[PDB]
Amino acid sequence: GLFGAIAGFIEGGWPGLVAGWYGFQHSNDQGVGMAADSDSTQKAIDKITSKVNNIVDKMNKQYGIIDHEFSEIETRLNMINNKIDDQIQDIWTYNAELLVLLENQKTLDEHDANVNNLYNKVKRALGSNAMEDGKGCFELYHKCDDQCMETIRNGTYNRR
């Protein structure tokens, strides 16, 4: 994808990440575990929720078409009316279909960007204290217990 993280260098998703879209998994003497990153997930939730609400608000207006009756000598008017109706329908259907297709691409790429940004934030915080394994993980050069891991997650890691 555009930002290279989702289905990118971070090859697969985690079924164990139940609370949100993005998160951290740590591995140390005490064990292995994962949890969603609340900050990044909630910000993403608010944005997509706004996009959905705005699309609904912008696209829910109806257009009115009455099935008018025409006499035998109003065939031209009948055709002109049909032309109007057919194009009103075709233009709006095109607008609706394209808006969904195009925004879908943006939505998927925005998630990719959020994962990329979270990854880069941690990379920057760790500095030379870790090496990238190239699959989304950072191999720490020093022992890091649960409290240490928490400073990385909440962005207060000391050694940046």
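Heads up: residue numbers just count along the shown sequence, starting at 1.
Look at the C-alpha B-factors of 18-26 and of 136-144. On average they run higher in 136-144. Comparing the deposited coordinates for 95-103 and 35-43, the stretch with the larger average C-alpha B-factor is 35-43. Within the group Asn129, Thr49, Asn114, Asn120, the record's highest C-alpha temperature factor is found at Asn129.
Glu72: CA B factor lies in the highest third for its chain, per the PDB record.
When the CA B factors of the chain's modelled residues are split into thirds, the value for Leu108 lands in the lowest one. Ranked by C-alpha B-factor against the other modelled residues of its chain, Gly155 falls in the highest third.
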